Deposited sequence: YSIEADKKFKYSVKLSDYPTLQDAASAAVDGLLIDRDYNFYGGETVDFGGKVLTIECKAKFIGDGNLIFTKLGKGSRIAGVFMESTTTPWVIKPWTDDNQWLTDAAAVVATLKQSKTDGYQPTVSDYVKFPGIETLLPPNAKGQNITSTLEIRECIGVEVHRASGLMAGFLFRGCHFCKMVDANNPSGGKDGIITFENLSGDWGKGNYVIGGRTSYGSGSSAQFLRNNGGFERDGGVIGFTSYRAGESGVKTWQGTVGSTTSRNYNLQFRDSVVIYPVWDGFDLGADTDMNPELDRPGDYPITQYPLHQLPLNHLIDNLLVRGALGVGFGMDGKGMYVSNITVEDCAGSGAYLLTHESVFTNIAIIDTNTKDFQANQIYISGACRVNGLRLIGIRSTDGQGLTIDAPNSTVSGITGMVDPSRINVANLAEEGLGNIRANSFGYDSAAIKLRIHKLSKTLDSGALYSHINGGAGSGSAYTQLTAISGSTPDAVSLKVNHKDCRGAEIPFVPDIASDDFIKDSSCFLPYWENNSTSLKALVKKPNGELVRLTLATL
């Protein structure tokens, strides 16, 4: 029977049969069932002998610090892992019962409680975010560093599915072709919740966060260090949801970490949602002189050819910036940012294109100077602004297609144009007139310089209106104007120079300019003949 049984049954060892996780790992052949809670010490390392294992978790790994898994064979899968710290730290909760953000340091300090969730451990980033909190926090709530971390070290082709936990962290160190799939809402610890760190060895490649969600944590929900997906864009974040990150939802690191670059290239950031981050929704910048990366002489600061594939992202409720990035030659599309306290978008980009961007009700707390900022020479095609609450400062950018109840005086761009509209109709609701206004921002950002109006003659249903063409004079909009059909008179009312017209008032040949000669109660006409010569004629008299 043993011979027969050996060939007809599925192989699996279970933790309940061993004293240590390493003993179970050593006995494993195909499956490994975690069927009892396991308390690990920080730094506890397990060697899986290069075996391709299917680890099924039905219990918890309990401990502060890192549980390190090494030498898992390509194709290994870990499902249902649950990390939980032994320590219950002091956490702050910077939002109210009505879900309003608290920004006052004293109000935030008052939220202090010991819990493994529904808040996060304060860190130095909070000292910046809530000014004065550093001196108000009691010493036992400062400098905590609690995280129960599953560290996968130097493995290739390992996937972690449906992971969860309390004060939990997941670290892929020196890994390639690994994925964090369908994270089952782990509540974060002090460190970033999902980290792909490749500071040593080759640049990380094939590393993904696919689906799932995370909540809380003192740092960023998903973050990458020194990863390059290649032209194939093999890596990134797709279909992910981040809620209440203590820092940012998704972050590609910037600058030097250690003696090398922590920057990232060629990754995908698509179909994801970030809600209520304490800092930013998506922080996709690379620069904050670049050891291990392109020299500043090759690519100036904020002008690296990051080449990320960015599309279909939604951000809501950030206390910081909704969408931030830098880089040159980027193509960004279909971004929707709503209800943010700081800028909806902060773009330190150059020679980049932004298509179909919607920035709705951001910078609601005036944390920044504008709702959307773009530093370099960029192109914006389709920009929706204003919800129900400068708006845009992109000094060197060319924009087309803005929609929304924007205040024109709050727009600053290099060029704004609608080159390809068809025949147009201006429909006016709730007013006695319809209007097409012109504003030359060089002359005035607050006053319209001219207009074409249509005004009701009499009342509704009169079947009569008059059209008027105006011009600003003495900083008074519509100061001068020509009218057609005022009071249904069916004639044109023409403005004339109130005094003797100077020779230089007339512009073109074969034109005349009426002027008033008060001393004779006569209208004269300065005429520029077809040949360019001026002559003054009598136009109307008593």
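By the record, the deposited chain contains unmodelled runs at 289 to 294, 396 to 401, with no C-alpha atoms placed there.
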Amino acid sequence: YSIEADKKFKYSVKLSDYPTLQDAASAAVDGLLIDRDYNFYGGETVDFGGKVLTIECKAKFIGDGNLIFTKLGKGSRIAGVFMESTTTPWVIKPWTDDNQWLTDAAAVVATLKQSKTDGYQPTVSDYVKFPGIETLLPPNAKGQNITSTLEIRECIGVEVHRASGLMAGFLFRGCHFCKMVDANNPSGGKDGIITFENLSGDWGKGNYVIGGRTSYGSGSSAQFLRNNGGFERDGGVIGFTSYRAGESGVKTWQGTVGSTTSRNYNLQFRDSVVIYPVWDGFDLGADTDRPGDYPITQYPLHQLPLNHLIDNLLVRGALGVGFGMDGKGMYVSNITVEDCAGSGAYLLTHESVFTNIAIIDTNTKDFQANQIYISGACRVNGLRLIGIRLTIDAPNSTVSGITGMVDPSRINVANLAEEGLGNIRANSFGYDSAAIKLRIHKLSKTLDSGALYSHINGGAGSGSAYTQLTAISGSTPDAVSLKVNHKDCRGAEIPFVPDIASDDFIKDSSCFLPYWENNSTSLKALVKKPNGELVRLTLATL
From here on, numbers count along this sequence of modelled residues.
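For the pair 69 to 77 and 225 to 233, the mean Cα B-factor is higher in 69 to 77. Stretch comparison (186 to 194 versus 199 to 207) by mean CA B-factor in the PDB entry places 199 to 207 on top. In the deposited coordinates, the residue among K442, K251, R153, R425 with the greatest CA B-factor is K442. Comparing the listed residues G31, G50, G63, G43, the entry records the largest Cα B-factor for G43.
When all modelled residues of the chain are sorted by CA temperature factor, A245 is found within the lowest third. Ranked against the other modelled residues of its chain, the C-alpha B-factor of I296 as given in the entry falls in the highest third. In the PDB entry, a CA B factor belonging to the lowest third of its chain's modelled residues is recorded for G382. The deposited CA B-factor of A479 belongs to the highest third of values across its chain.
When the modelled residues of the chain are ordered by C-alpha B-factor, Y346 sits in the middle third.
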